[PDB]
C-alpha cells in the first residue's frame, strides 16, 4: 500500500517509524510487505536476514521460542539525514502473556534506509542489549 516515499522531514520520518513498529509488533505478517522491501537487509545483533520472506520466518520462529511474547516500542528522538538515513532512538519493551506484570525495557535505536523507487525499508538495523530479556520466563531454561 504506502511506505516512506514522501518523507522529506524528520517529523514525517518518525511517523513512518511508528507506523512500521505498529505493523511489526502486531505480528500481522500479511502487512509487513507494505513497509518492508522484498530485498530487506535486516540486522538485530548477531541475527541477520536477507529478503522479506526470511525476515518473516525469523520473526515467526521467535514467537515459537517464546509462546505469549508481547512486544512494543516507543521513540523519543529521530533524525533524517541528507543521505536519507533515518535514525530513531527509543525503548523496546517485552513481556509474556503468562506473566504480564514482568516487563523488560531497554533503550534501542533503529537505523533505516529506504528504497528510492518506492520508499519501503531496504535496510533495517536495530541495536539494543538483549541480555536483560533473559529475565523473561524460559528465555533460557535452566538459568542463563
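Whichever C-alpha set is largest while still superposing within 1.5 Å between the two forms counts as the rigid core. Residue numbers count along the first chain shown, from 1.
Undergrad: Report the stretch with the higher root mean square CA deviation, pooled over structures and residues in 5 other deposited structures of this protein, choosing between 103-111 and 60-68 after a rigid core fit.
TA: Result of the core-fitted comparison in 5 other deposited structures of this protein: 60-68 deviates more.
Undergrad: Comparing against the shown form in 5 other deposited structures of this protein, which stretch has the larger RMS C-alpha deviation after a rigid core superposition, 129-137 or 11-19?
TA: The stretch that sits farther from the shown form in 5 other deposited structures of this protein is 129-137.
Undergrad: Can you tell me which stretch has the higher mean Cα B-factor, 21-29 or 5-13?
TA: Looking at the record's C-alpha B-factors, the answer is 5-13.
Undergrad: If you average the Cα B factors in the entry, which is higher, 83-91 or 113-121?
TA: Going by the record's values, the stretch with the higher mean is 113-121.
Undergrad: Which of these has the highest Cα B-factor in the record: 51, 107, 67, 45?
TA: Highest C-alpha B-factor among the listed residues goes to 67.
Undergrad: C-alpha B factor of residue 41, ranked within the chain: lowest, middle or highest third?
TA: It falls in the bottom third of the chain.
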